[PDB]
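Presented as structure tokens, the chain that follows is alone, the form deposited in one PDB entry.
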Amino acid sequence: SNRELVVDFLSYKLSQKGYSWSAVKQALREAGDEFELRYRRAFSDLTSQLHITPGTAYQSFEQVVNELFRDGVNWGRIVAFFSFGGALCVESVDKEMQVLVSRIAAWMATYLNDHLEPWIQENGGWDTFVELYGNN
């Protein structure tokens, strides 16, 4: 379910770059698109400077995401989390490490389930996310 959201979002982002991986989902896709628009107006894509490899990808994922949520959680930072995952996947497919896509997806799902789920449930669940971000 969280895992399902993750795979849908990543597949959407991959398709936008011409790559292919074969209400909540729609809200998240749109939120991701808006997040990325805002990001590009402010900061350069630093994804490349991470040097993603199979041996280092989890550690880069884990360290960024831990730092993202260190000060706290909100729906906007959760959108950032999904967009970041998307960026890691696009870079991965770009550089012919497409097997990392399924690993990043799993890492994201596990992080959601183990670490963001308590906050999500405390703040109305994904239903509240749809109320706030739906049709946008």
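Between two forms, the rigid core is defined as the largest C-alpha subset superposing within 1.5 Å. One rule holds for the numbers: they count along the sequence shown, beginning at 1.
**Student:** Per the entry, how many residues of the deposited chain go unmodelled between residue 22 and residue 23: none, 1 to 3, 4 to 9, or 10 or more?
**Tutor:** Gap between residue 22 and residue 23: 10 or more unmodelled residues.
**Student:** Per the PDB record, is the mean Cα temperature factor higher over 127-135 or over 3-11?
**Tutor:** The entry gives the higher C-alpha B-factor average to 127-135.
**Student:** Between 78-86 and 36-44, which has the larger average Cα B-factor in the PDB entry?
**Tutor:** Of 36-44 and 78-86, the stretch with the higher C-alpha B-factor average is 36-44.
**Student:** Going by the CA temperature factor in the PDB record, which third of the chain does residue 60 belong to: lowest, middle or highest?
**Tutor:** Middle third of the chain for residue 60's C-alpha B-factor.
**Student:** Please place residue 95 in the lowest, middle or highest third of its chain according to the CA B-factor in the PDB entry.
**Tutor:** Ranked within chain, residue 95 CA B lands in the lowest tercile.
**Student:** Going by the CA temperature factor in the PDB record, which third of the chain does residue 103 belong to: lowest, middle or highest?
**Tutor:** It belongs to the lowest third of the chain when residues are ordered by C-alpha B-factor.
**Student:** Once the chain's modelled residues are ordered by C-alpha B factor and cut into thirds, is residue 73 in the lowest, middle or highest one?
**Tutor:** Ranked within chain, residue 73 CA B lands in the middle tercile.
**Student:** Would you mind checking where the Cα B-factor of residue 66 ranks among the modelled residues of its chain, as the lowest, middle or highest third?
**Tutor:** Middle third.
Omitted here: the form deposited in another entry. The next part is about that form.
**Student:** Could you check whether the CA atom of residue 100 moves 2 Å or more between the shown form and the other one, using the rigid core for the fit?
**Tutor:** Shift of 2 Å or more: yes.
**Student:** Could you check, with the core superposed, whether the Cα atom of residue 90 shifts 2 Å or more between the shown form and the other one?
**Tutor:** Where the cores coincide, residue 90 shows only a C-alpha shift between the shown form and the other one that is less than 2 Å.
**Student:** Align both forms on the core first, then report whether residue 68 has a C-alpha shift of 2 Å or more between the shown form and the other one.
**Tutor:** No, because once the rigid core is superposed, the C-alpha of residue 68 moves less than 2 Å between the shown form and the other one.
**Student:** Do residue 42 and residue 66 move together or apart in the other form, judged by C-alpha distance changing 3 Å or more?
**Tutor:** Closer is correct, given that in the other form the C-alpha spacing of residue 42 to residue 66 is reduced by at least 3 Å.
**Student:** Just say closer or farther for the C-alpha distance from residue 95 to residue 102 in the other form, relative to the shown form; it changes by 3 Å or more.
**Tutor:** Pair moves closer in the other form.
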